Each structure stands twice: as C-alpha cells, then as structure tokens.
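Summary of the model geometry
Read off the chains here:
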Amino acid sequence: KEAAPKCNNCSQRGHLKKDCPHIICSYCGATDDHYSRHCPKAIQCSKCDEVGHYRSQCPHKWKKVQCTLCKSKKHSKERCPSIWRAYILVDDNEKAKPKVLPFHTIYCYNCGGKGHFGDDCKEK
Ligand SMILES: [Zn+2]
Ligand SMILES: [Zn+2]
Ligand SMILES: [Zn+2]
Ligand SMILES: [Zn+2]
Ligand SMILES: [Zn+2]
C-alpha cells in the first residue's frame, strides 16, 4: 500500500490526490497507468488487494487435473487411457473357430442314431 497522500479529501478510498478527479475504479489502479486496455495490469491482481503478494503476482487457481502425472488444465480419465485404472484395448471377447461343423447321426440303430434305409440296412 505505502500511501502518503491516500485521497484528495475522502480519506477512505484508493484514489489519491491526482487520482480522485479521474474516473478510476475504487481499488483497481493508478491514473498514471490504468486505462481501457490496461485495467487488469494496474495496482491489484483480482478481488483481493495488490499484485504485490504471492509468487507469479498471485495467479488464478484452477481446480487441477484428475490425473496426478499430468498436473495442468487438460482432460479426464475417460480421455486419458494412460492410467492403470482405465480399460485396455486388447484381450477383449471375440468370435472363434471359423470352420464348418460336424455331420449329424442317422444310422438306423444298427450303426449309430435312427434314420436311413431301415428296410435293408439291417442284419438282426
Ligand atoms: Zn475521493
Ligand atoms: Zn479498473
Ligand atoms: Zn491476490
Ligand atoms: Zn492424464
Ligand atoms: Zn445303417
């Protein structure tokens, strides 16, 4: 903060002597730098006071990544297969044995099941 003047008359707001005649937002900035292209680059970083605290001038805090190797901004477990709790693209269930099937039994109770030529394909 370090303000010698603090205000021209009102004694309670961020607009010092030469700041008070200008339409400067109540704690954003100084009229020496604060402008319609420079509003976020002035005295304070956010809703909390000054750029003058915390490393990287108090950056915005994202909700972090769901993965623990990946750290920054991107994706979720359904978009990142590269974690051992996700499913693999191998050894999944599929069809087998693409060949013709065996023949059926029909052999008149004399040489298998029941069916053919029983009039003469008989001995006893
Ligand atoms: Zn004032
Ligand atoms: Zn502003
Ligand atoms: Zn801050
Ligand atoms: Zn990941
Ligand atoms: Zn037979």
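Cut-offs used in this document
Along every chain, residue numbers run from 1 in sequence order, not necessarily as the entry numbers them; residues that have no coordinates are omitted. Think of it this way: whatever chain is written first is A, whatever ligand is written first is 1, and the rest follow in order. Side-chain measures were taken over the full set of non-hydrogen atoms in the model, leaving aside hydrogen atoms and water. Every helix listed is a DSSP run of H or I at least four residues long, and every strand listed is a run of E at least two residues long, numbered separately from the N terminus. Put simply, the radius of gyration uses C-alpha atoms, and a globule should come to 2.2 Å times the residue count raised to 0.38. Residue burial is assigned from relative accessible area. The probe radius is 1.4 Å, only protein chains are included, and a residue is buried under 20% of its type maximum, exposed over 50%, and partly exposed in between. Residue exposure ignores everything except the shown protein chains as possible cover, and the areas themselves are Shrake-Rupley values with a 1.4 Å probe. Distances up to 2.8 Å from the metal define which N, O and S atoms are donors, and 3.2 Å serves for Na, K and Ca; water is absent from the atom set, so sites may look incomplete. UniProt positions are given in the numbering used here, feature names are shortened, and annotations may be inferred rather than shown by experiment. Planes of paired rings set the category: under 30 degrees apart is stacked, over 60 is edge-to-face and the rest tilted, where pairs are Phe, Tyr or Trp rings (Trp by its six-membered ring) whose centres lie within 6.5 Å. Criterion for a charge above a ring: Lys NZ or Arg CZ within 6 Å of the ring centre, and within 35 degrees of the ring normal. Think of a salt bridge as a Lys or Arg side-chain nitrogen and an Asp or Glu carboxyl oxygen that are within 4 Å of each other.

What the entry reports as its method is solution NMR.

When helices and strands are counted, the protein chain shows zero helices and zero strands. Its C-alpha atoms give the protein chain a radius of gyration of 42 Å, clearly above 14 Å, the size a compact globule of 124 residues would have. Its C-alpha atoms put the protein chain at 130 × 25 × 20 Å along the principal axes. Counting the 124 residues in the protein chain, one finds 10% classified as buried. Surface exposure of the protein chain reaches about 12700 Å², of which carbon and sulfur atoms provide 54%.

Further remarks concern the coordination of the zinc ion (ligand 5). The protein atoms that coordinate the zinc ion (ligand 5) are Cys-111 (SG), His-116 (NE2) and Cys-121 (SG), at distances of 2.5 to 2.7 Å. Counting along the primary sequence, the residues that act as donors to the zinc ion (ligand 5) give the motif C-x4-H-x4-C.

Tetrahedral metal sites with four donors have an ideal angle of 109.5 degrees; octahedral sites with six donors have ideal angles of 90 or 180 degrees. Only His-15 (NE2) and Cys-20 (SG) from the protein coordinate the zinc ion (ligand 1), and they sit 2.5 to 2.6 Å from it. In terms of burial, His-15 and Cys-20 fall into one category: buried.

Below, the discussion takes up the UniProt feature "zinc finger region: CCHC-type" in the protein chain. Under the present numbering, the feature "zinc finger region: CCHC-type" in UniProt falls on residues 5-22, 43-60 and 106-123. Structurally, residues 5-22 comprises 0% helix and 0% strand, and the distance from its first C-alpha atom to its last is 15 Å.

Here the focus is the packing of aromatic side chains. Within the structure shown, the criterion is met by zero aromatic pairs. In this arrangement the basic side chain of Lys-114 is found over the ring face of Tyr-109, its NZ or CZ atom lying 5.5 Å from the centre.

As enumerated under the stated definition, the model contains one salt bridge in all. Salt-bridge contacts for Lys-124 lead to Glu-123; the nearest nitrogen and oxygen are separated by 3.5 Å.

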